[PDB]
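2 protein chains.
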Amino acid sequence: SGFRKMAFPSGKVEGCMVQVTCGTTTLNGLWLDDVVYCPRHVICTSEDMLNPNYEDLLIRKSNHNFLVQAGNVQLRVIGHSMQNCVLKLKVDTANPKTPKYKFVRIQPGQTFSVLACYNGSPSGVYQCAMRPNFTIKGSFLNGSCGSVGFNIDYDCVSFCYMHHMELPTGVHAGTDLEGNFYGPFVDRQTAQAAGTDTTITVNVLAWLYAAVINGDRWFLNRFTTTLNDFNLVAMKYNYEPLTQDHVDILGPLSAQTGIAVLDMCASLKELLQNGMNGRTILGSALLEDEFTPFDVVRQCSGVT
Amino acid sequence: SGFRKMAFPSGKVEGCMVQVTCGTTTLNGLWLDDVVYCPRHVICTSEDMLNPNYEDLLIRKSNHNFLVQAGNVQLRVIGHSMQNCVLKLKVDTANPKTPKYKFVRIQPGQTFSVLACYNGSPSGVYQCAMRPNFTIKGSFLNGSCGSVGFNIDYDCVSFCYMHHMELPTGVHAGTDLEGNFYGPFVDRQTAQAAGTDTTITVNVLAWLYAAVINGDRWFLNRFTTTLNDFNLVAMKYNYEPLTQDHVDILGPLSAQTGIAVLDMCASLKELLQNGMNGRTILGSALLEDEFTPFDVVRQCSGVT
Ligand SMILES: O=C1[C@H](c2ccc(Cl)cc2)CCCN1c1cncc2ccccc12
Ligand SMILES: O=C1[C@H](c2ccc(Cl)cc2)CCCN1c1cncc2ccccc12
Numbered sequence: 001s002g003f004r005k006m007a008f009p010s011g012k013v014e015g016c017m018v019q020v021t022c023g024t025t026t027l028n029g030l031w032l033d034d035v036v037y038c039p040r041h042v043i044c045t046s047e048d049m050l051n052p053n054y055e056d057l058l059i060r061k062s063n064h065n066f067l068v069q070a071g072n073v074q075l076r077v078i079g080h081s082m083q084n085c086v087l088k089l090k091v092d093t094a095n096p097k098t099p100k101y102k103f104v105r106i107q108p109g110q111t112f113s114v115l116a117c118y119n120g121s122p123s124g125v126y127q128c129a130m131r132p133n134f135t136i137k138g139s140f141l142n143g144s145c146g147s148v149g150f151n152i153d154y155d156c157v158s159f160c161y162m163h164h165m166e167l168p169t170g171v172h173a174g175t176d177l178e179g180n181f182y183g184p185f186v187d188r189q190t191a192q193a194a195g196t197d198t199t200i201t202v203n204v205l206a207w208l209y210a211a212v213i214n215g216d217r218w219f220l221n222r223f224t225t226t227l228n229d230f231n232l233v234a235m236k237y238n239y240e241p242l243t244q245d246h247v248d249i250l251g252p253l254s255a256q257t258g259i260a261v262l263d264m265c266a267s268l269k270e271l272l273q274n275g276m277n278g279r280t281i282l283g284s285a286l287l288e289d290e291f292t293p294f295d296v297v298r299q300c301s302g303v304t
Numbered sequence: 001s002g003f004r005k006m007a008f009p010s011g012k013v014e015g016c017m018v019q020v021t022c023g024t025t026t027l028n029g030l031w032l033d034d035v036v037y038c039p040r041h042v043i044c045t046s047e048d049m050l051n052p053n054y055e056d057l058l059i060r061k062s063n064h065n066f067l068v069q070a071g072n073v074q075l076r077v078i079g080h081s082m083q084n085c086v087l088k089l090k091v092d093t094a095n096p097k098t099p100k101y102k103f104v105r106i107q108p109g110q111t112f113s114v115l116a117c118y119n120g121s122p123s124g125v126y127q128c129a130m131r132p133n134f135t136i137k138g139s140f141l142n143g144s145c146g147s148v149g150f151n152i153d154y155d156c157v158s159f160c161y162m163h164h165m166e167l168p169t170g171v172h173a174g175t176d177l178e179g180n181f182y183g184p185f186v187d188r189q190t191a192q193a194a195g196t197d198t199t200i201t202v203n204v205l206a207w208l209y210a211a212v213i214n215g216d217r218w219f220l221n222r223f224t225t226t227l228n229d230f231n232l233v234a235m236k237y238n239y240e241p242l243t244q245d246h247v248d249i250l251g252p253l254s255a256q257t258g259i260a261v262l263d264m265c266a267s268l269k270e271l272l273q274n275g276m277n278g279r280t281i282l283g284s285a286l287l288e289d290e291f292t293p294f295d296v297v298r299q300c301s302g303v304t
């Protein structure tokens, strides 16, 4: 028993972390096979950050201007290209530590582990979710650019995120491993609106099941609801509208606890309308939405 | 900016995780050099768990009865011994992935990362603290025994914890890497009292500094206090008595923010006496005590 904000073991990803220096700028890169992926803003300076013409800036850069360093060794850049907001530097050596990998673009509400890096060296690992407004509430400092978000399926690493920037609101924006930004964000130092951040209702419900599984049952009530009645309440409280897919995905948790999804929705409805009254659930005084039903199942079953 | 419950990168520890099977029992072991460390209760069955005479049980076991498996390969046990509540199985091969390491016994209030394992395979990593009552509020299922807690100092892994059991209260108890239990716990399936769990005051203050550093300043007030006045309030609210050592350890955080430690103590005093009033600090509705001042400095400076 016990429920924690667990992250995937980072070893497979640590073996992919390299330093990428272009001119006076240094950030993290991901070395998989003979390619190093990093944010394209490595070619920028702090002057041309207001309005960068990346095609123009990149034209003034050659293979030898990209200094890729893995631990202590220097990699030889034999090719370079821009793919959306990422640079792909082809190196003469394939990473001997390259795990089995996939580049996948995750959906909002989905969770992933982040390995925060500085100068190509890992420093921390934490779990987080792709917020419904496509931002991540991470922990990143100047130098963390190129740090990746990933998931692990036995031995296969699914890279889903690459960190690029911190918005003036303190939250973080970045791309999938093909250079496509999650959200409406552009890699420009300009005023960007993150948008309304709503609560991942299917995740709050999954975490409510995790609480029942681990003993915290106080919030459980004698009531029930319907998808439309529950949704009227979710809209007022800025909660993601719950669909029949969400109900189905909660099926295995509903089976483990014997609590119907709509009964759990009524318990949640009462927690939104009445608050916690000073009580906690899984050691938290607020409703947690950064655990997917897959995370709750995996953590409460012990998948390695 | 941004503040998260970060764990150390687990790669160095993943390379030490092995499976240890003794009879019908299977748990995790830590392979460093030619020794595998694991909880001694691997030699027990579910019958002799009420009152095990480990010296007697161990006498009936030989080197060949311990099946140590690293990934896919089977290690050859050429020696075995009991050191307090741990078994040290000497194997014929030194772990080629053994990092630079130390076995240190941490103090309550100190934090460490846990790599949760099942059948010698890592499944998750999370950060946690040694509670003042010597228990850990972890996330462990049947099979996680032998999972370790550690800290990393550049390239040196300080092993501080080995998981042994879950108490009937749902919290976890385990040993340092010399087999010595943290707390009054014995490796017996009997009613054990965890004790009163208090709040790590120096950690709540460090996290309050982290909040000011990251922008959340609402809790900051126009008042000040003294160590003795603050402590009267800490005692009523079951908070660890704050000493002059704690004040000194908060020195660098107090310097970064320009907020005197006793001024922050007055802000904390008001948060205890008046509650949060529905507000949050660093995205949390309760006072967080699982970040030491070293963690706040490391996370807000970017140490790799
Ligand atoms: O957001 C940025 C900056 C930026 C600006 C424009 C464009 Cl196009 C991309 C990136 C500079 C590089 C670092 N960076 C940061 C990324 N994460 C955490 C940060 C914490 C404090 C300070 C800067 C941080
Ligand atoms: O506490 C124990 C048991 C035990 C009993 C007596 C003695 Cl001497 C040691 C250990 C059996 C082995 C597994 N174990 C567990 C450890 N962590 C999480 C557990 C979650 C659910 C069930 C058991 C868990």
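Chains as they are written, first to last, in the deposited numbering: chain A, 1 to 304; chain A', 1 to 304. A prime marks a further copy of an entry chain. Virtual Cβ for every residue (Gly too), placed ideally from N, Cα, C.
Can you tell me whether residue i is helix, strand or coil according to DSSP?
{"i": "residue 252/A'", "result": "helix"}
{"i": "residue 151/A", "result": "strand"}
{"i": "residue 11/A'", "result": "helix"}
{"i": "residue 218/A", "result": "coil"}
{"i": "residue 297/A'", "result": "helix"}
{"i": "residue 182/A'", "result": "coil"}
{"i": "residue 204/A", "result": "helix"}
{"i": "residue 117/A", "result": "strand"}
{"i": "residue 267/A'", "result": "helix"}
{"i": "residue 27/A'", "result": "strand"}
{"i": "residue 67/A", "result": "strand"}
{"i": "residue 43/A'", "result": "helix"}
{"i": "residue 261/A", "result": "helix"}
{"i": "residue 189/A'", "result": "coil"}
{"i": "residue 32/A'", "result": "strand"}
{"i": "residue 73/A'", "result": "strand"}
Can you name the start and end residues of the alpha helix (DSSP H) that residue i belongs to?
{"i": "residue 178/A'", "result": "Premise fails: residue 178/A' is in no alpha helix (DSSP H) and is neither H nor E."}
{"i": "residue 107/A'", "result": "Counting along the chain, residue 107/A' falls outside any alpha helix (DSSP H), and DSSP gives it neither H nor E."}
{"i": "residue 228/A'", "result": "227 to 236"}
Determine the extent of the beta strand (DSSP E) in which residue i is found, giving its start and end residues.
{"i": "residue 88/A'", "result": "86 to 91"}
{"i": "residue 35/A'", "result": "35 to 39"}
{"i": "residue 166/A", "result": "156 to 166"}
{"i": "residue 58/A", "result": "That residue, residue 58/A, is in no beta strand (DSSP E); its alpha helix (DSSP H) goes 54 to 59."}
{"i": "residue 83/A'", "result": "77 to 83"}
{"i": "residue 17/A'", "result": "17 to 22"}
query: Can you list, in chain order, the residues of the stretch 162 to 180 of chain A' whose Cβ is nearer than 7 Å to any Cβ on chain A?
result: Hits within the stretch, in order: 166, 170, 172.
message: Under 7 Å, CB to CB, which of the residues in the stretch 118 to 138 of chain A' have a partner in chain A?
response: Of all residues in the stretch 118 to 138 of chain A', 118, 119, 121, 122, 123, 124, 125, 126, 137, 138 have a Cβ within less than 7 Å of some Cβ in chain A.
- request: For the stretch 119 to 144 of chain A, list the beta strand (DSSP E) runs that are entirely contained and at least 3 residues long, ordered along the chain.
  value: Here the runs fully enclosed are 121 to 129.
- prompt: For the stretch 264 to 290 of chain A, which residues have a CB atom closer than 9 Å to at least one CB atom of chain A', in sequence order?
  reply: Hits within the stretch, in order: 275, 276, 278, 280, 283, 284, 285, 286.
- prompt: In chain order, what residues of the stretch 99 to 118 of chain A' put their CB closer than 9 Å to some CB of chain A?
  reply: Taken in chain order, the members of the stretch 99 to 118 of chain A' whose beta-carbon sits within less than 9 Å of a beta-carbon on chain A are 113, 114, 115, 116, 117, 118.
message: At a CB distance below 7 Å, what residues from the stretch 136 to 156 of chain A' approach chain A? Give them in sequence order.
response: Using a CB distance below 7 Å, the part of the stretch 136 to 156 of chain A' facing chain A consists of 137, 138, 139, 140, 141, 143, ordered along the chain.
message: Output needed in chain order: residues of the stretch 1 to 14 of chain A' with a Cβ under 9 Å from some Cβ in chain A.
response: The residues in question are 1, 2, 3, 4, 5, 6, 7, 8, 9, 10, 11, 12, 13, 14.
- prompt: Quick one, which residues of the stretch 214 to 231 of chain A' are near chain A if we go by CB-CB under 9 Å, in chain order?
  reply: From the stretch 214 to 231 of chain A', only 214, 215 have a Cβ closer than 9 Å to chain A.
field: Chain-ordered residues of the stretch 16 to 37 of chain A with a beta carbon less than 8 Å from chain A'
entry: Per Cβ criterion, the list is empty.
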